[PDB]
Amino acid sequence: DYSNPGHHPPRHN
Amino acid sequence: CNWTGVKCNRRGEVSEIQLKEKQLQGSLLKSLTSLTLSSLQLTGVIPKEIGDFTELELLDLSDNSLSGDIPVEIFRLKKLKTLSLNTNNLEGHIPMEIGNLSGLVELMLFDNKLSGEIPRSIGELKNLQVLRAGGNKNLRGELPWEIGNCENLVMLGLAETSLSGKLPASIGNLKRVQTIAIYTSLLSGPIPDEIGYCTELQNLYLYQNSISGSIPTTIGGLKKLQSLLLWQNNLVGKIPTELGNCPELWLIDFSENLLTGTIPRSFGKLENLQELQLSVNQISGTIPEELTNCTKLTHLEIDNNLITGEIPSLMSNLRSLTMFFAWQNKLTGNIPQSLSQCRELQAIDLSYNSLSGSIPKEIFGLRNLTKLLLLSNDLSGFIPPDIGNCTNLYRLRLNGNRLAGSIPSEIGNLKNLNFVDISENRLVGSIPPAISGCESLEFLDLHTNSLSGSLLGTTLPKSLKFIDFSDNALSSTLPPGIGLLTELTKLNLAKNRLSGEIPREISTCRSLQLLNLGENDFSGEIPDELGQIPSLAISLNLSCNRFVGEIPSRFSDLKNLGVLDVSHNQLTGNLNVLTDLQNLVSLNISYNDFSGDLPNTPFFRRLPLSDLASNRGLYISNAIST
Ligand SMILES: *[C@@H]1O[C@H](CO)[C@@H](O[C@@H]2O[C@H](CO)[C@@H](O)[C@H](O)[C@H]2NC(C)=O)[C@H](O)[C@H]1NC(C)=O
Ligand SMILES: *[C@@H]1O[C@H](CO)[C@@H](O)[C@H](O)[C@H]1NC(C)=O
Ligand SMILES: *[C@@H]1O[C@H](CO)[C@@H](O)[C@H](O)[C@H]1NC(C)=O
């Protein structure tokens, strides 16, 4: 649908 | 008259038609004021004759398969306040004649095949409230200057389009706009300072563009501002202090920019901030203490920056924090025990810093912590026995530190622990039997420590898929009970003092793709059973041991092995058993007692002559013509 708004996906180790 | 879907004017004239969810197909009286044919699976062009219903105030064709252009004639309908064309296959330009719909309020073009530019004519629509054209991949060009003329604009979104250039200063004229969403587009240049004039702005989503320059200071004058998503752009300069003046702001995401300067002290005034993401920037300074005043913060991600100093103790004041990511910074000092007062913490990642001292035991009292990632620091001391208290611990990485002493037995208490990496520390003593109690343990990496003693099949939990004990002082014999681990994929025991024969029980680990026994004291003959594990695919490393005898004939069944290293042993006989392994990329046979001839195949010819020179009798032969 085109994506809904979202934040930066968080990355961890 | 009264039939379902049909509505009538008081004079008895057909007024509205509404049809939905009837799973039709194919293509598709003038008093009509409202027409909804929606979610009908309709195909074909929009009939050009639509423009003929002079009384139409509403047209909803959305959620169909309609193709072709948006007929210019659609714009003959002067009384239209709602045009809903979204979720179709519609192509072409948005016609200039759009400016002809005087009282248009709602315009939904989103999720189509549309192209070309937003016409300069939108400026003529003075009642327009919502314009959503997003999800048109080829909608292109700059947002026209004339957009500043739609004074009733509330919601604007162009997201996932090819919209480009700078946002016009005109945007500052939209005094009623609540949401500007243009994200994952082609936008470049600076956010215009005039955006500070949009006094009703709540949500600004500019993320995933090329936006450059700095974040305008004027954004701190938007008092109704709730969410600011500007992540993954080219943004430069310092984070504006004035942001601390937006009382309603709950979400700030600046992640993945070029920002420099300091995290502003003024952020302490934001009483509503739930989520602060600064990840992947050039931010320096220390985490300011006033940030611990933000009482509602759930998510703090400051990872991948230049932040220095100590993690403040007053962090205990953030009682709702579930997620704290400061990894890959310059943080020094102890991890504060007060961090354990945030009882909701799900994930802590402090990896890749200068943190020193002991791991404070209190952190292990957190009952909801799934992820503890402390890897690559200067941490030392013991792993606290309190590690057993941490009930939901799933992923634990302590690797790359100075940790000393024994792996505490109470780790056996953790029934959800999946993944544990303690590699590269100073750990001593034995791998504790109690670890057999971690029922969920899959990945276990103890490599590069001082661990010693023997190794028991009883000691390891049978769900393990990955074991790396390499580079330790481990000794005695590889236990027969190794065969109890049938899930085990990779097993790396290398650089230990391990001894004896390889137990035939090894054969019953049927998932094993990688076996490294290298640099040990193993002796005797390589068992035939070792060739009975057809899952061996990635590597078999037997090198730097005392193995003797010949390469077992069963080795021909190693049809999936890509890498084989037997080098630096006492092995004798010839290589014929290996000649048919078509998938073997890498063969190290050097420093053995091998002898005999190898065929002139390009494979063997790729073997270094120095490798044949370190053997007894090895040479490449040429076959006879016959
Ligand atoms: C982990 O659990 C242990 C055992 O229940 C806790 O140790 C006890 O703590 C209380 C005070 O809170 C003392 O009265 C007991 O004498 C302690 N017992 C033992 C056997 O040590 C420990 O505090 C918990 N750790 C964390 C980090 O919360
Ligand atoms: C096999 O083991 C030795 C000793 O640990 C190691 O140095 C060598 O690189 C390994 N061979 C391969 C192919 O990885
Ligand atoms: C054997 O050869 C492979 C490939 O050249 C190499 O990676 C490995 O280090 C070698 N083994 C030893 C013991 O040096």
Side-chain angles (χ1 to χ4, degrees), chain A residues 1-9, chain B residues 62-63 70 83-94 98 104 106-119 122 125 128-148 150 153-168 170-172 174 176-192 195 198 200-212 215 219 222 225-235 250-257 275 277:
Chain A
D1 273 27
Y2 88 86
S3 311
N4 283 341
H7 67 171
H8 172 258
Chain B
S62 67
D63 202 27
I70 301 175
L83 177 56
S84 201
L85 298 171
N86 58 286
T87 325
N88 281 301
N89 295 128
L90 301 170
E91 54 161 2
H93 292 200
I94 306 167
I98 192 120
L104 194 62
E106 321 286 324
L107 170 65
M108 314 284 192
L109 301 182
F110 64 88
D111 284 319
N112 278 282
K113 296 314 174 179
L114 306 181
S115 54
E117 294 158 6
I118 290 162
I122 25 76
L125 310 172
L128 190 63
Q129 283 179 34
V130 173
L131 150 57
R132 302 181 56 199
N136 287 277
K137 180 97 192 172
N138 293 313
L139 210 284
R140 64 161 301 278
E142 303 196 342
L143 187 62
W145 182 266
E146 286 71 22
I147 193 65
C150 305
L153 257 181
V154 161
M155 163 59 207
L156 173 72
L158 299 158
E160 287 191 31
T161 64
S162 293
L163 233 86
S164 60
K166 61 186 96 284
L167 290 181
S170 263
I171 222 59
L174 299 178
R176 296 174 151 179
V177 79
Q178 294 176 26
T179 292
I180 303 182
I182 320 183
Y183 58 76
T184 321
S185 287
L186 298 177
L187 288 193
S188 44
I191 295 152
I195 219 213
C198 297
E200 296 292 311
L201 195 62
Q202 295 191 11
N203 318 296
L204 178 55
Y205 313 146
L206 299 182
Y207 66 87
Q208 288 181 312
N209 296 284
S210 297
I211 297 154
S212 61
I215 299 168
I219 270 186
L222 305 168
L225 188 74
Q226 310 198 341
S227 57
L228 197 58
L229 297 174
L230 303 176
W231 60 281
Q232 201 180 111
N233 281 283
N234 298 315
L235 289 165
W250 65 278
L251 171 49
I252 298 176
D253 199 344
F254 297 166
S255 302
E256 295 205 61
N257 285 280
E275 187 145 345
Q277 298 204 324

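Below, chains carry the letters A, B, ... as their sequence lines are ordered, and counting in each starts from 1. Keep in mind that the numbers below use all heavy atoms, side chains included, and drop hydrogens, waters and symmetry copies.
Atoms CG and CD, from B:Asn234 and B:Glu256 in turn, are 10.5 Å apart once rounded to the nearest 0.5 Å. A distance of 9.0 Å separates OG in B:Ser212 from CG in B:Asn233, rounded to the nearest 0.5 Å. Note that CD of B:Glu200 is 8.5 Å distant from CZ of B:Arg176, once rounded to the nearest 0.5 Å. Atom OG of B:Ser188 sits about 10.5 Å away from atom CG of B:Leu163, to the nearest 0.5 Å. Here the CD atom belonging to B:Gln277 is positioned 11.0 Å from the CD1 atom belonging to B:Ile252, to the nearest 0.5 angstrom. Here the straight-line distance linking atom CG of B:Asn112 with atom CG of B:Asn86 works out to 7.5 Å at 0.5 Å rounding.
Put simply, the side chain of B:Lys166 reaches to within 4.5 Å of the side chain of B:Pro190, judged on heavy atoms. Residues B:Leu114 and B:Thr161 are not in side-chain contact: their nearest non-hydrogen atoms beyond the backbone lie 4.5 Å or more apart. In this structure the side chain of B:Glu106 reaches within 4.5 angstrom of the side chain of B:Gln129, judged on heavy atoms. Put simply, the side chain of B:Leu204 reaches to within 4.5 Å of the side chain of B:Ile195, judged on heavy atoms. Side-chain atoms of B:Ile182 and B:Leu167, non-hydrogen and from C-beta on, do get closer than 4.5 Å to each other. No side-chain heavy atom of B:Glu275 sits less than 4.5 Å from a side-chain heavy atom of B:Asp253. Looking only at side-chain heavy atoms (C-beta outward), B:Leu131 and B:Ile147 come within less than 4.5 Å of each other.
For B:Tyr183, the ring-ring contact (aromatic ring centres under 6.0 Å, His included) partners are B:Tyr207, not counting sequence neighbours. Scanning for side-chain hydrogen bond (donor to acceptor under 3.5 Å, both in side chains) contacts around B:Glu160 gives A:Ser3, with sequence neighbours left out. With sequence neighbours left out, the side-chain contact (heavy atoms from CB on, under 4.5 Å) criterion links B:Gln208 to B:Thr184, B:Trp231, B:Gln232.
B:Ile98 approaches B:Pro119 most closely through the heavy-atom pair CG2-CG, 3.9 Å. When all heavy atoms of B:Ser185 and B:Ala159 are compared, the closest pair comes out as OG-C, 4.2 Å. Minimum interatomic distance between B:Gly165 and B:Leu187 (heavy atoms only, all atoms of both residues): O-CD2, 3.6 Å. The shortest heavy-atom contact between B:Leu235 and B:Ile191 is CD2-CD1, 4.2 Å. Pairing each heavy atom of B:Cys198 with each of B:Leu222, the nearest pair is O-CD2, 3.0 Å. The two atoms that bring B:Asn136 and B:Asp111 nearest to each other are ND2-N, 4.0 Å, heavy atoms only.
Judged by distance alone, the side chains of B:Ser227 and B:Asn203 do bring a donor and an acceptor atom under 3.5 Å apart.
For the side-chain contact (heavy atoms from CB on, under 4.5 Å) with B:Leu201, the qualifying choice from B:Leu228, B:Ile180, B:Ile219 is B:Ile180, the only one to do so.
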**Request:** For side chain to side chain contact (heavy atoms under 4.5 Å, CB included), just list the numbers for B:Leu230 and B:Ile215, CA-CA rounded to whole Å, side-chain angles, deciding distance to a tenth of an Å, and then say yes or no.
**Result:** CA-CA 9 Å; B:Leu230 303 176; B:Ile215 299 168; 4.1 Å; yes
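Under a 3.5 Å cut-off, the side chain of B:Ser170 and the backbone N or O of B:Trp145 do form a donor-acceptor pair.
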